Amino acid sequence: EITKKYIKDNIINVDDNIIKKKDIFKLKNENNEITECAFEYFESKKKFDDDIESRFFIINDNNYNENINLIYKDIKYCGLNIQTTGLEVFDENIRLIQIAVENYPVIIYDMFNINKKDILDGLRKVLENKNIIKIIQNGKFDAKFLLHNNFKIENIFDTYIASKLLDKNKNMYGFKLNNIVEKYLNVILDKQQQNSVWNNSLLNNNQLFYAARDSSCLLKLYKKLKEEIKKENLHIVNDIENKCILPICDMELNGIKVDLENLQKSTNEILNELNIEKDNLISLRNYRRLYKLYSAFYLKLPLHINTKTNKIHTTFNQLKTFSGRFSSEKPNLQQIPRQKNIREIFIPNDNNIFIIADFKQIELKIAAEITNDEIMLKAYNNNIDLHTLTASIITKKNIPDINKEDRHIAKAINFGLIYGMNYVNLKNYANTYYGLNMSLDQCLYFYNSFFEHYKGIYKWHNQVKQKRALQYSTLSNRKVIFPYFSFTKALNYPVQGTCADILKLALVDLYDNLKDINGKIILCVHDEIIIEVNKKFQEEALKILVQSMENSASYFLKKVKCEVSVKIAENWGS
C-alpha cells in the first residue's frame, strides 16, 4: 500500500518516511533567460537534525526531464559519489551516480533503470569538464569504476587525500567517510546502508537518503578541507596527489601481463632443484633459498593471475607509507625478486613493448640540494660521481689515480655517513654489507674527513641533533609528525619524501603526454617507472618518459640535475 507507493520510480517505502513533492526551480537556459521548470523530487517527512541536503531527484527512463541538465550550468564544483554492488570493479556494476550541486537537491542517476544514452549526456559533460571540480571520497575507487564503464573524468578533489595529508601520518584509521564527516561536520551518516542490498532493481527510501547525504556532505567538506590545506601550506602536495589519481587508476586497470610458459617452466625448474637439494642433503643456502623462492612466489603468484587475461592487477596505495612513496599489495610488487631469471615472466601485450626508466642517485642529489652542500653541488654540476668525489677526499688522490677499490670504500662511507651513522656503526656496516675489513682508526678518519669537507651535511646533521624536532617536511611541503625523535628517521624522511613527490609528479606529467600515442602506465616501484606502448611509437615514448621525469625533478630541484637511465625492453628482467 504505502510500501509500493512510488514503484514507478523504483522506490520501496520502508517506514512511511518519504514524500514526493513537485516545485518550481529557477534555472537559466543557454540563452541566458531564466527558465522556471517544475521538477519532481523526494524528501523525508521526519526532518534530519542537521543542515545537509537530504532531498534528491531520481533519474530513470520513465521520468527523465531533459531540463534537469540545466542545474549543471555555470557551476565550478560539485559533489560526486557512486554506489556499487561490490568492491571489485571487474566483477561488479555501478548502481547509482549521485551529483550534488550547491543549493539543489542531489541528482541521483538510477543506473539499473536507465537505458537511454541521451539521459547521461549532461552527466558526461560535467565529468569531462576540466573546469568543474568533482569532490570525491576515495577518488581512486570511484574513478576506477567510472573509467571502466566508459566515463571520462578530469579535475578531482579527494577528501580522503586532504584528510590523510592533514593527519601527517599520526593515525592509521579514521579516514572513512563516516569518520571524516563526524570530525569536520559533527554529523553521523547511516553507515548501516553499506551492507544493504544494492543489487536489486529497487531501492528503499533509507538507501536513497544515505546516497543523497553521502554526496551532498562533500560540498561542506570541500570548503573546510580546502581551507585547512591552505593554512598548512599543503596546496602543492594536495594538488599533486589529486592529479595522481588518474595515473594510478591507469596502472591498476591496465595491470601487467604474465608469460605462463616461463612461469610453469621455471616452476618445474625450481621444484626439481628443490628435490635434488633434498636428496643430496649448501644445505641452508640452496634449500632455504629455493624453498622460499618456490612457496613465497612461484606458488602464490598464480593466485593473482586473471584467469581470462593472464594479467595481474595490483593495488597501489597512495598515502599508506610513512615517506609517501607508493606501496602495493595483492601482490606486493616490491616483494618480487629483483632477478632477471624471475622478473622476465612479466611481459607486455601483443604488439607492445615496455619502456623502463630509473633515476641514478636521486636520493643523494636531494640531500645535496636541501643541505646546500657546495662541494657536492659543484661536483654534480661538473658531472663528477659522488663516490669518486668521496674517494678523492678520503685518499687525497686525483681522479686519474682512483681505482675501483677506492670507489667501493667511498660507497660505504657515503651511504653510511649521509644517513647518520657514527664511525663505530660504519665499521660494521662496511664489513657486513660491502665485504670490507676496516678498523676503527680508519672509520674515525673517514668520519672526521667526510664531515670536514661536506660542511652542508654536517650543518644538516648537527641542527637536527639539536632541535630534536618531531615535524618534518619535504620539498612539496608534505608534512609528517613523529611519535618520538629518531635521528636517522629525521634525516631519511625529507630525502625519501621528496622522491615520492618527484615520482608522483612524473606520473601526472607522463599521463598527459601519453595521450597522443595512447600509452599505458604500468607500474612504479622504488625509483622506477614502467610504461607500455605500441612498438611503432617506441622511439617516441622513450623521450616522453625521460622528459616527464626530468621535468618533475626540475620542478623541485634547482641546484642539481637528475639523471634518467632508460632502456627499451620486452620483459621486466632486462
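Start at 1 and count along the sequence shown; that's the residue number.
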What size is the break between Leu281 and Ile282 in terms of deposited sequence residues left without coordinates: none, 1 to 3, 4 to 9, or 10 or more?
-> 10 or more
As stated in the PDB record, which stretch has the larger average Cα B-factor, 63-71 or 541-549?
-> 63-71
Look up the CA B-factors in the entry and say which stretch, 116-124 or 221-229, has the higher mean.
-> 116-124
At the C-alpha atoms, which of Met438, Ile384, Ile99, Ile457 reaches the highest B-factor in this entry?
-> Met438
Of the residues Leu166, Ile399, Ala212, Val258, the one carrying the largest Cα B-factor as recorded = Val258
Entry-reported C-alpha B-factor of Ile24 relative to its chain, by third, is highest
Among the chain's modelled residues, which third holds the C-alpha B-factor of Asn268?
-> highest
Among the chain's modelled residues, which third holds the C-alpha B-factor of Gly139?
-> lowest
CA B-factor ranking of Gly86, expressed as a third of its chain | middle
By the entry's values, the third containing the CA B factor of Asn204 is the middle
